[PDB]
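Below is one structure, written out as structure tokens; comments come after it.
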Amino acid sequence: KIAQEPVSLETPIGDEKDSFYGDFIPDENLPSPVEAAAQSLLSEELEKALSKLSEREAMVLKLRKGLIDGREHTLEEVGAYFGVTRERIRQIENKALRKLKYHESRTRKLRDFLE
Amino acid sequence: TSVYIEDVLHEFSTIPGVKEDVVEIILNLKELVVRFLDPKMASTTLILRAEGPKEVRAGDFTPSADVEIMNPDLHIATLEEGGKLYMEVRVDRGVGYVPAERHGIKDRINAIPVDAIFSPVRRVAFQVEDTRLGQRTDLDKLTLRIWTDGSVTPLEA
Amino acid sequence: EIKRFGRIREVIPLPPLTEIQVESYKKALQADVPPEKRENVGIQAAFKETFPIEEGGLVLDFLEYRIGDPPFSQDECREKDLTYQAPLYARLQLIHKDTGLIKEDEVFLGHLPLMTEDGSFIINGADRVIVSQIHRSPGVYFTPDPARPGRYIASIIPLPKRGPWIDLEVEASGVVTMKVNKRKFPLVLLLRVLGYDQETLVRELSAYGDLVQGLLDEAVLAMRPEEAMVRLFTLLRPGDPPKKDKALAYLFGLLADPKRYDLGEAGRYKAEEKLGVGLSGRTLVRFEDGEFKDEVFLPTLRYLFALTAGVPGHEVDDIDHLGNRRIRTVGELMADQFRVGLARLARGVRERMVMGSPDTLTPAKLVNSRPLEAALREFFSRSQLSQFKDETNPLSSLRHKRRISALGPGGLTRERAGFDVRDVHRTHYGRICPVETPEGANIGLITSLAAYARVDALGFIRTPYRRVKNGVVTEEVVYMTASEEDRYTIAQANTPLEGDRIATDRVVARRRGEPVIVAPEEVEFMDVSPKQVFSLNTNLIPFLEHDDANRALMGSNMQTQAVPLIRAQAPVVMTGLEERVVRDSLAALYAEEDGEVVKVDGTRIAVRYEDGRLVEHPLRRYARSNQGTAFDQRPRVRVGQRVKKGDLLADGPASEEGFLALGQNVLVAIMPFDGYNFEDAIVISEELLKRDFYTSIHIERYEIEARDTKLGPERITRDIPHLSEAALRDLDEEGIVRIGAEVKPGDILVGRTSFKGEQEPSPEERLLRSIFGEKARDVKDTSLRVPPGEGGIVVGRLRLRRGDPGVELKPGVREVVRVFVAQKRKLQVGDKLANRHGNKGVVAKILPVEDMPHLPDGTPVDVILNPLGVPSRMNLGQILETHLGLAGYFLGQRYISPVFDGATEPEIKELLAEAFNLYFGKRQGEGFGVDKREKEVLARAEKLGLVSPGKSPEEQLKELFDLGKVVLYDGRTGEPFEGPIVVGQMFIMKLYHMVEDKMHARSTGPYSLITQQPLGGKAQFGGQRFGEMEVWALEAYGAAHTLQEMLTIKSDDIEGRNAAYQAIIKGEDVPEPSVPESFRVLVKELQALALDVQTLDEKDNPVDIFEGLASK
Amino acid sequence: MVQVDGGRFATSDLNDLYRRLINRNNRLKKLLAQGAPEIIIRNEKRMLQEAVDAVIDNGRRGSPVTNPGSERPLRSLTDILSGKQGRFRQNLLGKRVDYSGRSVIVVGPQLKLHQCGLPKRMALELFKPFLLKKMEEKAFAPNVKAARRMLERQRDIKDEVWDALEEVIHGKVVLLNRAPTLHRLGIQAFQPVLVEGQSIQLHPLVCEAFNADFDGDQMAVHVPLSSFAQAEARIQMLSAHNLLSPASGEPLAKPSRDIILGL
Amino acid sequence: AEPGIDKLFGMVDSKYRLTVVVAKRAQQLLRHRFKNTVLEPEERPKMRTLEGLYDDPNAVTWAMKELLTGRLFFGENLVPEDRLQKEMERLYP
Amino acid sequence: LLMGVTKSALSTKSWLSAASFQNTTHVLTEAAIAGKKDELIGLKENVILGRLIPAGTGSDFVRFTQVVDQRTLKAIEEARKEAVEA
Amino acid sequence: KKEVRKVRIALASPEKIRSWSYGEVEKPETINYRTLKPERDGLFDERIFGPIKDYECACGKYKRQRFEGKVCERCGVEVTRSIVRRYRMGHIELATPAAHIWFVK
Amino acid sequence: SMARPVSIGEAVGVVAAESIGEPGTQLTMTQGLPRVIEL
DNA sequence: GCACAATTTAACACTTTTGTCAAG
DNA sequence: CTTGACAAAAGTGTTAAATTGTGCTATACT
Ligand SMILES: [Mg+2]
Ligand SMILES: [Zn+2]
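Protein chains in written order, with the UniProt record's numbering: chain A, 324 to 438; chain B, 54 to 210; chain C, 2 to 56, 62 to 1118; chain D, 527 to 789; chain E, 2 to 94; chain F, 1420 to 1505; chain G, 2 to 106; chain H, 1210 to 1238, 1253 to 1262.
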């Protein structure tokens, strides 16, 4: 398998002289418009769906998913952020997600994005 | 409308002991006329069985209540030596022309729809001549000719 | 019933039309032929030429070659994607030069693809075909100088890559300079080692005139062969030091070498009887004891200097003549590539023996596979003379085989063909079809063979004729060659033959293709039949003499674009060739001996023949082809009956009872209909959709592979992470779609599972994943869902996993799945439709049987064609076809009208008088009379003089009905049409092109990797292109933004298309795009050229088009 | 350089060029160090001046370098620019686009000069970004994402859409182009009237300007998104408006064939 | 055909000037959802539908009927590009 | 000096015009040498830049138009007098 | 952020091209036959042209936009968008000066 | 096209180009198209 | 083509952090 | 909301296995 070398992208395909093999290759290294709009809808709907939660748990939630600084903060950090223990934050998440569960099982706005 | 056979996976399948494929059988199933002895029926199910060396036909079906074939001589399939064939159809009544591609069946595993030619009227031709039965001249004698199959009488038409 | 016309009775039937691909290949096979007594030409000419291999010192030699029985059958090689080939072993002998010790030891060569029954090989598991090639025949030729008016330039050519070109052009000097491989050297020079000095350069030179002295030099005439040999050698080869023996060994291979110069037998032969001498071999000279004994160069001047003089018998040759042009067939090029590929092995032989252990060696270590194997594998695929077989219908392959291409490697190209290699030469006649050829820019470039034409060994084409002695047609059937034709004086088949004798004193004939009035005495020959004057498809066109070539072209080719039909029906008017077509195409089943049918069973037809042995002929029902057109064979016989050998037991895909059946015969109405038939358009009757007319079947191929990535191997299964019970329905068990289940555009045929490259989910996405807590499985769905527009049932399951018996899979591939999809397509609205007279059109809006232009018998027509493209395109064939069809309707008798010999106006007129006399009588009998509406039409038509006044309506409508026209009632109104309208039965065809497969559109699809431009084509799921033409058009309109839309947001722009799908989806007006991104790449590409491309603004100022990107 | 289905790789010719360059330019740098004879230097340095040029204009000197075994010339920097299919003519002054498509053409007798039959299916996937929002406003699905999956999967195209699409259609008109494009009139703006079938209807008169007939000819269709551009499409690019020939000055869509015959 | 075209063309000196007007104005109409314009409830370009007959959402047509009345004013350097977009975004949300 | 349309197409002002025409190699050289800056005066010389065409509706004459409705027009009709009193 | 009405064309000089390049491609290799990652100096090397993946350094210590543009102290790759690999060129330093075939032929 | 004085900002060059560009396919039957090129 | 130094990788013993449970 | 107790997961350190990078041989051969 490793023996065989690559393939010239200039290899003409079909019985014509106007065709190439290069152009027949798509692009996955760049977002599609539908994908930008998709990630936008998730980033939005999740925001408004976030608003309906306790002030502390709304924050702690996006601190554990890395929605704030892009990095994820372990329980040890969150507890030091508010001043609670690493046990309290843990429970806070449990009641958090499960609290949005109820609103989502209804509104069904975010029931999508299930691939 | 609806057709099913024991060993068939599709409209192109070939059943042992048969001369023709399923689609040629449907080619004769679209030419099959069956009247209803009752005006209140919305459907039915015809049954058929054939063994041995025999030529199956519309008359070979299993007779029942409120059904009469008007063409027992309609050739369906030719069963050769030992050829065994089971078959059943659902002849529903409707109006106009609806191809199989527009109506479903979902009877069972392989339920193959067929085109529907309702229109028991085959052809109609009328002629307008000069009538001798009235006061003045240049009048018309209408003569309408009706050609229909078995399902309905021309008068009824 | 059946009826035939014409007084011309063919004496010799049509020879098998399939032998041109099979026989010419058969000769070069010599499979049956014993290893001792063979023919030496063909493939054994490749062995004896590349042998013996001689070069401390060795001698190999060829002995025999065996034909390996095929490793696998046809079908297997097809479903395995394997080439249908077979081992070719070979026995040679390695002998010591000194030791006198002999070592034989047979070895192996490779796999040589074998031809099937029809005449088409199978490469890489695909059905391909080798089309014939054409190029001028080898020999000496003389033409007027392309530069000088007052002379003629001779020339010599052997074969492509079998030797160099040779030309003698006299430069404007008065001396002479021969040219070969781009260089000019004195013609007198060349005679160096040729054995001609001064006194010899005069003796036959002075036999002419003024041309003696330009052929006598001095400065080089002093020296002799071994001196001037190096003289021109220092010039023609300034790559290596001007040595002596290196000028001997070099030039030895340019002419004297019979193995490095292969002058086709045609060349030796023809050029021989042309010049007036004779050659021993195929060579220009001879390596005789050191120096070079002349062969060709001396006799090529005894002609070239004779013609230029003006002596009788010596003259210019016709470059485009057919006797000067040969046909490269299968057994020709196959052998050429085999030998030139074998010489590459001969060198791989001479490098192994010259080292290692010269004592212990056998050819078992001295040969090789690849130099030959790859040489053949290359030809059977990449060459222009090998392409995808035409399976669109049975007649399709039969035409594709008889096609002669002027293109290909050793042919010509679209550049160097002006007129000459296109135009129809006088000699063409019964050899090449004068009409059939692609309507595109290739007209005249690729034509076909004539139905009676043949190709001998030399390559010339000989057309059948009949000898005659003083108005007596002899049974002698002569196949005269192209040149042989110009000699005698040939008559025609339409000649006045009275009982094997001549009738008129002025008969039609010609000389060299020059029509002239001729006497009953001076007639030397005659035509077998006008059929030979055309091709196959062209001969399927009735009343073709009533139409024009332009339309006949399409009328033929479209028949190849034709598709089968479930209810397909042969025309009620043919030329009577369809019979031989269905047979010679070998698409049907017949009786080999005189048997009796034992069992029908539309799978296997058993027939126990009189020979007592029981033989059955299994059938292939509903099987995919190349174009998707099904291959069906309908059994025609009872459960038992005795038949005679040659009798049809089963139809073909297009065959009806042994008659080629393309489309169907409907009732055509020639009349304008609300402009729906506008400009060669077509309307139709819904009543056709009822009988399933013009309704065919199509199959499609779908496959997938289990790749083993870097991460890990994939696999086929019914397991998918996010899938729902619904989509998993039709998949039976192992996770593949069952047999006979619906597949909508986007249904999963076969599921595949693969490990996605591990990448952390985006933060928002990680939260969403944290709500439902859906387990993120390593494996993701790789499955294969059928593309849009393609839907139907599933009639096949072929899965071949590797490591299985009889199947080799590509390295790195576990398994492969292949599903077939059947579709019953009904004639839709817009699908192509045409007739045998080259009248195209689409389907514009069918129409309820209710409102239709019917007749007094309540019979509605089925088409309503527009009476416009008749007077323009000038094809009156469809008119006479329909004219006969009109009577043939009431008589039901199928007619056969041979090409250029057939029913005339009086005949058909008689059939119409008959058909009417019984038709109208059916009205009288059934209790009726002349309709009032009919009276109306007869009257207003009598006013214009369409019917002779003073005659009763019976006779008027009789003259009209026989004219081809009748009275039509509009199904809508009920009133009769003003004038009479012609109708009748006509043959029409549903062509290849189907809207269903040609329709497409997209919004936001994939984009090219290089530039973000949208992909093209259909399958790529992409939009159309906006040509420079379009850009200009928009510019002419003045649409600024509409043009920019095409150049930004909708094409290669990045943020633009995203802000479009963003805005539109929310309603805001589309933002203003910026960088086309093709331009950014254009600029960077220029930067690679050390070109500083700077963008400015409103005042000579730097503008950064790459945001923070390349700034550094 | 990227891999495709099956696992096999692919690469540009300019890569191998840009490689076979560095090789020689490197070996040379080693020789100019280790003290090697002038012959080897002068020759090795020669292949540098030719390789470099090969990455620039390949073929303007000698037989072009090709991948070993194949006769296919390597495409250099200059090979991309100049030429029919080069980055100028194929990727700048023309390109494939978004929101478009095509099909066979069919006669329009019941259609005004501003009308055309637009395929039911083709229009849906053509206006998808629009209809999505039309489904947003007009109930049925809560939001944009819903509409998407509610459409792509499952031909559930029930009247909820078959009508709403008509709601986003009214007003704005699309464009039909017949190739070759000679006359600017070979691209006209017509009203998107949803019709059954895969075919496309066109007005019989202006059908002449496209040099078109229905023998199986095919036309392409695009949608002018920007309202600014849409205006252009209806004001000038509209077929109804341009009736005269911009070339001759004489009328364009006039009676033809059948019509003439009747009148 | 677009009714009024003979009058529309007959207004501006050029051809395309009309397009620029129709376009920009339609833009202002879709920006404010028709609450800017000069049309009375019987002038409003209604769109008939099987459901209900509302006002045609197409801005192009709205701009058409708008200029056909002449109630609109257009020209080069009419007003400062600053306030022109400042007071247009104020009067209406 | 009269010349063929082709000669005039290659002898034009902008470099981008002939660059997309033909003999590109010969164009860019002579261009870069003298360092010529295109003004994008021509249309095709613009289409390359993916900009707005100098002609048509995008013309530098008619693209400067402005549209105002009576109510808002008077609303800005007061705007000019709000700077003289303030 | 500024109108574009003019486009110049000039001759690039070696010292200018040195400014363009983000690195000198030394090793004439493409990628590893196994890891499929750009070779140390390979013509596709991320360490100069840019990351193959958005806002990720090669070794993967800086994985987020939190750190933007900061060059890695381990791998040496600038954490940024993966799009930068279309606009960031390289250069090759020739031991012996050579001419441009254009001006020559 | 409009039977009225040409509008300002018109692309008339491209217009002309098309105007003579279309007939170029019918000049087969004089000196034909080659003359046109020769001019 | 091979002996082998060079460097990379998977190998694995084990320490520390982090998610987590019953009970205050 | 909080401890303490724990197991699983993620570190951190030293190794055995493997994978890859290099110099080199001697009849003569130009
Ligand atoms: Mg056409
Ligand atoms: Zn790093």
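Where is the CB? At the ideal position from N, CA and C, for every residue including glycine.
By the rule that beta-carbons nearer than 8 Å mark a contact, H:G1218 touches chain F. Apart from the 5 residues on each side of it in sequence, C:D784 sits with its Cβ closer than 6 Å to the Cβ of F761 in its chain, given in chain order. Here the alpha carbon of G:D55 sits roughly 5 Å from the alpha carbon of G:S83. For D:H748, the enclosing beta strand (DSSP E) stretches over residues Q744 to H748. Linking F:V1503 to E:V80 through their CA atoms gives a straight-line distance of about 16 Å.
Taking the beta carbon of D:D739 as reference, no residue of chain G falls within 7 Å; the closest one sits roughly 45 Å away. Burial state of C:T206 is exposed, judged by a 10 Å Cβ sphere holding fewer than 16 other Cβ atoms.
Within the region 552-586 of chain D, the residues whose Cβ lies closer than 8 Å to any Cβ of chain G are, in chain order, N552, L554, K555, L558, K571, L574, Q575, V578, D579, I582, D583 and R586. Judged by their CB atoms, D:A649 and D:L600 are not nearer to each other than the 8 Å cut-off. Here C:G169 is buried: its Cβ has 16 or more other Cβ atoms, across all protein chains shown, within 10 Å. Within the model, the alpha-carbon separation for C:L313 versus C:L261 is close to 25 Å. For F:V1466, the chain C residues whose C-beta falls within less than 7 Å of its own C-beta are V1037 and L1053, listed in chain order. Contact check for E:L40 against E:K66 passes: the beta carbons are separated by less than 8 Å. One finds nothing in chain H with a Cβ atom closer than 9 Å to the Cβ of F:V1486; even the nearest lies about 18 Å away. Looking at the backbone, the Cα of C:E520 and that of C:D492 are separated by about 10 Å. Look at B:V144: its C-beta is not under 8 Å from any C-beta on chain C. When secondary structure is reduced to three states using DSSP, C:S25 falls in the helix class. For ligand 2, residues qualifying as neighbours are G:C58, G:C60, G:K62, G:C73, G:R75 and G:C76, where qualification means a beta carbon closer than 5 Å to at least one of its heavy atoms (chain order).
By a beta-carbon distance limit of 8 Å, C:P1077 contacts C:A1069. Their separation comes to about 6 Å. The beta carbons of C:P264 and C:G296 sit about 17 Å from each other, so the pair does not count as a contact at 8 Å. Chain-ordered, the chain C residues with CB closer than 7 Å to the CB of H:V1223 read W1038, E1041 and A1042. Apart from sequence neighbours up to five positions away, the residues of its chain that approach G:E94 with a beta-carbon distance below 6 Å are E25, ordered along the chain. For D:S771, no alpha helix (DSSP H) encloses it, and the DSSP letter there is neither H nor E.
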